[PDB]
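Here is the structure we will look at.
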Amino acid sequence: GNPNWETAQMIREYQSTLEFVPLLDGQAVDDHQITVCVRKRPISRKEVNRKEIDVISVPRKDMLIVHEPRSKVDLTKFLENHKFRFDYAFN
Amino acid sequence: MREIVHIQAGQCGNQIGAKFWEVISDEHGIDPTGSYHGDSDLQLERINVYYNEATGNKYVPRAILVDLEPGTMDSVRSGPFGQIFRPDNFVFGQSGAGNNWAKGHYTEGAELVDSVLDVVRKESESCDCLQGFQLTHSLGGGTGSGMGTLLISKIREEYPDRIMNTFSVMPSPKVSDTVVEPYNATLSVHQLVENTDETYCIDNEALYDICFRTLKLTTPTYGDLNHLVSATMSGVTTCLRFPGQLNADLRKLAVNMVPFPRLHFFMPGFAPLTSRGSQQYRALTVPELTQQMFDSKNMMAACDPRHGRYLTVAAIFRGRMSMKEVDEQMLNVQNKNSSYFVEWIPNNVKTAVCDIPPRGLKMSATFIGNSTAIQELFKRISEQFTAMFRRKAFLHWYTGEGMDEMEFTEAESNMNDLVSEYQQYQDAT
Amino acid sequence: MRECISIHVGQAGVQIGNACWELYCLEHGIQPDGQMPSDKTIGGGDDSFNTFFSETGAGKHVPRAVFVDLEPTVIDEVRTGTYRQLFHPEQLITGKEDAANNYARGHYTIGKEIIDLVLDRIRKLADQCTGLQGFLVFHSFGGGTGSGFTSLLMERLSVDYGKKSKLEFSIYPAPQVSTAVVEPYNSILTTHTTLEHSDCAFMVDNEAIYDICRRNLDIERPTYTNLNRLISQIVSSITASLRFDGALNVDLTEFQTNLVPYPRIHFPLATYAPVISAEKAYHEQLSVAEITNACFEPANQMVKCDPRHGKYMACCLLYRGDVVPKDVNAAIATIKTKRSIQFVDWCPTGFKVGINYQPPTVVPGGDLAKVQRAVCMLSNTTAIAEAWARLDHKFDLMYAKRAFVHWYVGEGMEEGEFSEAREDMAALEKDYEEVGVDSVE
Amino acid sequence: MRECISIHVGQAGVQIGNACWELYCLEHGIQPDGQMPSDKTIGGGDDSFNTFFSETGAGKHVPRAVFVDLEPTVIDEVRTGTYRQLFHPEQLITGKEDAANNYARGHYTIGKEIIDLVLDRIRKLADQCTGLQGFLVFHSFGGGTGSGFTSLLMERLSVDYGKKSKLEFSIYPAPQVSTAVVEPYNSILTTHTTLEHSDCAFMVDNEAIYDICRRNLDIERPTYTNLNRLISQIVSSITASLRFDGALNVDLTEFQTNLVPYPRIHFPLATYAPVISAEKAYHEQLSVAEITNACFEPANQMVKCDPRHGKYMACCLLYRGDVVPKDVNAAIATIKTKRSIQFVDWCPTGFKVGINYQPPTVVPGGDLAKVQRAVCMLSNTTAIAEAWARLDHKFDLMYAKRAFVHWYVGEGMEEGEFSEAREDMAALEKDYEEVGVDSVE
Ligand SMILES: CC(=O)O[C@H]1C(=O)[C@@]2(C)[C@H]([C@H](OC(=O)c3ccccc3)[C@]3(O)C[C@H](OC(=O)[C@H](O)[C@@H](NC(=O)c4ccccc4)c4ccccc4)C(C)=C1C3(C)C)[C@]1(OC(C)=O)CO[C@@H]1C[C@@H]2O
Ligand SMILES: Nc1nc2c(ncn2[C@@H]2O[C@H](COP(=O)(O)OP(=O)(O)OP(=O)(O)O)[C@@H](O)[C@H]2O)c(=O)[nH]1
Ligand SMILES: Nc1nc2c(ncn2[C@@H]2O[C@H](COP(=O)(O)OP(=O)(O)OP(=O)(O)O)[C@@H](O)[C@H]2O)c(=O)[nH]1
Ligand SMILES: Nc1nc2c(ncn2[C@@H]2O[C@H](COP(=O)(O)OP(=O)(O)O)[C@@H](O)[C@H]2O)c(=O)[nH]1
Ligand SMILES: [Mg+2]
Ligand SMILES: [Mg+2]
């Protein structure tokens, strides 16, 4: 039905690949002289009325992964695994 | 009488065709202006075949020229015989194919086929009875491979009962003048199995071989490869135009020469081919022409004929002959070569004897033969094809013009079934 | 009639345009004031072909050329030189300041507000032509307007024209000799729009043509006048089939079909056969097998790039002059025998021969002379990937130190643009590692 | 024979009349002293056509012109210049004081008592002509006599003549540059009689012709002599079909039928093709498809007005010189394809072509030269409504402050006249919002 569903189809398949251990409130705090905070906002109401694909996966409490619709040299779509480490990765 | 329309597609097509209408003209004795100034009265009886009349004693070939994308326009017009073609026939467009099949069959072919067939129908109804639709095209290219087989999808559609001969120049195992060439052969043989009655497989390597191994030419230019093709093109329709002692139409060949409706890919030969001034050390006789016709270094398809069994062959003899030396030389070859033919056919060779030679020669011939040795021309392409297609190598210049991947697998399935229906009869039983 | 629109950009593009249009006017017979007094003696022929020359009713001829450089100093040589009255007087200068060697002044600051004169001038020029189009773009990587302003000119011409063929002839930074210290920054930001929009990117280089001007031509001190003529001889025999009468003509659409396997590996590394001296114009046969074997040795590649450390994918031998088509296949079955000239499995066809038979002419004033035949081989090899890794390494060595970058982000561009151009070139170099490696079963 | 009566009003009208009658005398052959020594050599032809020239028995020719300005300073240039003895010596001066830039001195104070000489002089001039009439009025908005005295001249000529066609050629105040601070007051009071009486009001502007004299003509310092010749080239090819022999002539009554949909939207925004330099008279083909495409870009409109932000309603392509009628339809099916050149639904016909084939002549003394063809497109677009809202805004910004208005009401005019002229222009701008919007079902 949706025109852009396929890019999101691999996104729904990636979210079962690794182990989701997210961040829950009440964990210990280490020293961390320089902290880096990254917060993800929730999905707004305008976005679902616009066919919006969530592309910000938060798998850990110190890691955040962003996908991107790309193509191979055979016009074959795949997802780039932008792998970032934060301290402090929020859902 | 029986009349033929000649169509020229691809830039290889009119280059053969411009040399073609010079051999036909000098065979009938006709000047660049179409004025008949021939020697005898015997070559006016079938001007009707190729040259329909005009107002004052002038003759115009029924030559449609699909291929004059304007780089070739003002060379064919500014040529030897640019003042002989009817100028409304020069049908073309702009932005030619680009060695692309999909830009010959789907995008620029669809916006030009209506302007061609509006001239095809105006050259059909100026005729008493048609049988022949000669298409001089070449595989490998652009226009000659996509647009050349778009018209055959339409002309056979509007004429389901005409003999459709297409003198198809084919790719080579070594001479690779086109990088995309295993695509334009697979997608065009898929059209020329379904839609032709006969098609002649001509290669450039076996034309490069004859000009070195036999004719001893120093620099064979492109004119001297077309001068050998055209000597066959005026050798199939000889019995149409000239009286004989055993005539053969374009249909007595294509009923005898073809066993099964898919097995109609021919290899043409010619004899006498030899290299001289005016001192040559031989003698033109009927056993002299015979050994050269069947010789494996005087084919044109660039495959080895002794690798496979000839299904059936046709020897269209010309000149003044004797029918006993014709029917007995064609017998002794079949007995000395009992494995080189198919055992389970009674007599393989047929004979066709006209009575008018070429202009300079005393006798000539034409070996048109249907062989299983042409399995090699289709196995090489089908190995080059599946090498390119496995990586999906050059496909985004074709799927970006409207095609689909499920037409490529359709085309390789059809060519791989010819090799299956050639390996069978090459085997013994 | 088929035609091209030659759009020079930058100082490198305009300086090459001094000599590309010097060559065209001598072949066809056009004087530096538009007339054609050569064919007036014979009285026939339209030899000022409409591929490159608009014709007005007063006998004068006007080229298809427009060039923008954002600096008056370069074009005021053209507006006062010998070719003053030839070109149309809209040679777009209007830059109140030079780009100053960055991509951000550039694609954003002063490239904008001057582009409005540019696109409307092309529309006033493209709508005088019926048939084939092709944008012959001329610029250099590394510079300011050749990198920045071309990048704005491609995304604004891939929308108003769509699917037209764009042959852009870029001068690439040499791995050993660089005339700027910020040239590794510009030649990685210009790839992000060369890869997307321009369908075919002819890369040449300055160091690999310095050795050709020293070894073969035997010129000890080659100035920029003597380098741009060798690119001009190459650009002539790329667009020679659009003009002259050949035995196998190759259209600009026939490049796209043959040279380019995948939509992002279009970088084909031109060559030539410039072994004229002209003292060595004697002493040497220069046959078809001789000039075709000039592409064997890596001392005649136009890019500092060793083809023996990589595969080939597709080549395009384009001849000139007295070439017989038989002699070509002798010089090709030879090359398919030599085992260091290495192909991939997936391209068994290899080559493609375009035989034009008009001989290349001689610009009077040096430095080569009248040879009877030539060749401009165009072959996208896998070896160009090692020519980029010696430029990503120059980018990465001064990206860890955050050098030179406050003049890039302080001109409108974001500092995140650099890693977006690194993730292409890391992934585009990754593409050449897959294509050269065959699959096993 | 068909004829016009050219009534210049104001200083703007008389200054344009210096050059409109300079152009007519050169086309027909009339010297500045009435004679015709050009056709005396051939000995035939009545080329001093009776459209613009009364002929007396002594061979002298007298124009159809009368002009009133209420100031001797302007017309004493005409009475002492080169065209002294040409005109009739009743060039109506008689003003003991200038209008001083207001509509109230003006329509009421000193425009009255001088109008009695004016109307009787037109009656002494109109009764010498058999056939078509048309009042070519020349004035400017914003001025005193061009706005005030014309307004008295229209309501006194819509009664003594009735339904005769009145083409009035007004210079409109520019939205950015104004040479008076009370010019927004006069150019809203003159609309109340331009809308009612004058059937067709050609608006031109000074800023949009300044850019034409800088970009195309390449004149850096254009004086008022060089602007009035470009209006003179326009006014010639409006009334060219009344004189010369064309293949499709368009009468002054054929404008009213075609250009004007509704009785109050008659404001058609003339153009031209002045890309002569004459250095650029070479370098350029200037075909029918070229000069017709000059109206596409909004850098060649004669009014500072962007046609791309509005519909068109009806256009009138009027050609000159070597035009073949086949080439026109190629240059029209092109324009009906382009999607920014936008029409309304309710006019599917669009265009109308008048091909006169007398070439436009060259006034010696600059600044353009002999082109072989031309075009004066006349098209009432919806886009002129945004050219008025930038003038009602100048009116409304100094009407809340009650500025400048004691010199308007203290000269006989009531202060209620201003809001009566605002309720037209508010409602006349409201008319253009309805006509451009199509109806849906
Ligand atoms: C003195 C003499 O006898 O000369 C012969 C000759 O020497 C030879 C070598 C000719 C010669 O042919 C060639 O050298 C040749 C050149 C290019 C391509 C093909 C052949 C000849 O040129 C060709 C020419 O052919 C003809 O006249 C035929 O009618 C032939 N005509 C043409 O091809 C033709 C050429 C130019 C202009 C118009 C027509 C023909 C063949 C089949 C169908 C129609 C026409 C002939 C017998 C000769 C010469 C003149 C040396 C040969 O060819 C033909 C076609 O006959 C080559 O081997 C044969 C054997 C001939 O004996
Ligand atoms: N072959 C050749 N190379 C040139 C020429 N001019 C400059 N270059 C090369 O181009 C690069 C510098 O770019 P330029 O074209 O000079 O820069 P630009 O495009 O004018 O950009 P800015 O000056 O930065 O606005 C260097 O690698 C030079 O060696 C020339 O005339 N011929
Ligand atoms: N194109 C052009 N515009 C003019 C000329 N003279 C005045 N103008 C413009 O006309 C407007 C001023 O009106 P004028 O015609 O000078 O005034 P007037 O009609 O004499 O009225 P008063 O002087 O107020 O009695 C300004 O917008 C001027 O730029 C001229 O010769 N040519
Ligand atoms: N015999 C012959 N072969 C030709 C000629 N011109 C091109 N070829 C061959 O035709 C093929 C190239 O196709 P071509 O006709 O030029 O391409 P097109 O114009 O796209 O149909 C190659 O196999 C060439 O060797 C010619 O004049 N004669
Ligand atoms: Mg510079
Ligand atoms: Mg005044």
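Looking at the header, which is where the method is noted, we find electron microscopy, 3.8 Å.
From the backbone N, Cα and C atoms, a Cβ is placed for every residue, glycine too.
What Swiss-Prot says about this one:
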type	residues	note
MOTIF	C:1-4	motif 'MREC motif'
BINDING	C:10-12, C:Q15, C:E71, C:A99, C:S140, C:143-146, C:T179, C:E183, C:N206, C:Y224, C:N228, C:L252	GTP binding site
MOD_RES	C:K40	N6,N6,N6-trimethyllysine
MOD_RES	C:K40	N6-acetyllysine
MOD_RES	C:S48	phosphoserine
BINDING	C:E71	Mg(2+) binding site
MOD_RES	C:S232	phosphoserine
ACT_SITE	C:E254	active site
MOD_RES	C:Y282	3'-nitrotyrosine
CROSSLNK	C:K326	ubiquitin cross-link
MOD_RES	C:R339	omega-N-methylarginine
CROSSLNK	C:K370	ubiquitin cross-link
MOD_RES	C:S439	phosphoserine
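Positions of Swiss-Prot features highlighted on the structure.
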residue: C:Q15; record: GTP binding site; DSSP (3 states): helix
residue: C:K40; record: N6,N6,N6-trimethyllysine; DSSP (3 states): helix
residue: C:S48; record: phosphoserine; DSSP (3 states): coil
residue: C:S140; record: GTP binding site; DSSP (3 states): strand
residue: C:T145; record: GTP binding site; DSSP (3 states): helix
residue: C:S232; record: phosphoserine; DSSP (3 states): helix
residue: C:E254; record: active site; DSSP (3 states): helix
residue: C:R339; record: omega-N-methylarginine; DSSP (3 states): coil
residue: C:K370; record: ubiquitin cross-link; DSSP (3 states): coil
residue: C:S439; record: phosphoserine; DSSP (3 states): coil
Composition by DSSP (helix, strand, coil) of residues within the motif 'MREC motif' (C:1-4): 0 helix, 0 strand, 4 coil
Site with most surrounding Cβ atoms, counting all protein chains shown within 10 Å, from the recorded positions C:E71, C:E183, C:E254: C:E254
Residue pair C:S48 (phosphoserine), C:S439 (phosphoserine) - Cα distance, angstrom, rounded: 51
Around the Cβ of C:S140 (GTP binding site), the count of other Cβ atoms that are within 10 Å: 28
Candidates from C:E71, C:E254, C:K326 close to chain B, where recorded positions are judged by Cβ under 8 Å: C:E254, C:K326
Euclidean distance between Cα atoms of C:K370 (ubiquitin cross-link) and C:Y282 (3'-nitrotyrosine), Å: 11
Lowest local Cβ density (other Cβ within 10 Å) among recorded positions: C:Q15, C:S48, C:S439: C:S439
Integer Å distance between the CA atoms belonging to C:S140 (GTP binding site) and C:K370 (ubiquitin cross-link): 30
Winner by Cβ contact number (other Cβ atoms within 10 Å) across the recorded positions C:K40, C:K326, C:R339, C:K370: C:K326
Nonlocal residues around C:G10 (GTP binding site), in sequence order (Cβ under 8 Å, 6 or more apart): C:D69, C:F138, C:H139, C:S140, C:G143, C:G144, C:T145, C:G146, C:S147, C:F149, C:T150
Pairwise CA distance, C:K326 (ubiquitin cross-link) versus C:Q15 (GTP binding site), rounded so that it is a whole Å: 39
Closest of C:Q15, C:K40, C:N228, C:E254, C:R339 to the residue listed as 'Mg(2+) binding site', Cα positions, recorded positions only: C:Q15
DSSP-derived class (H/G/I helix, E/B strand, else coil) of C:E183 (GTP binding site): helix
Neighbourhood of ligand 2 - recorded positions from C:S48, C:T145, C:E254 with Cβ under 6 Å: C:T145
C:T145, C:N228, C:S232 as recorded positions, winner by CB count within 10 A: C:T145
Length of the line joining the Cα atoms of C:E254 (active site) and the residue listed as 'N6,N6,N6-trimethyllysine', in Å: 35
Pairwise Cα distance for C:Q15 (GTP binding site)/C:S439 (phosphoserine) [Å, integer]: 46
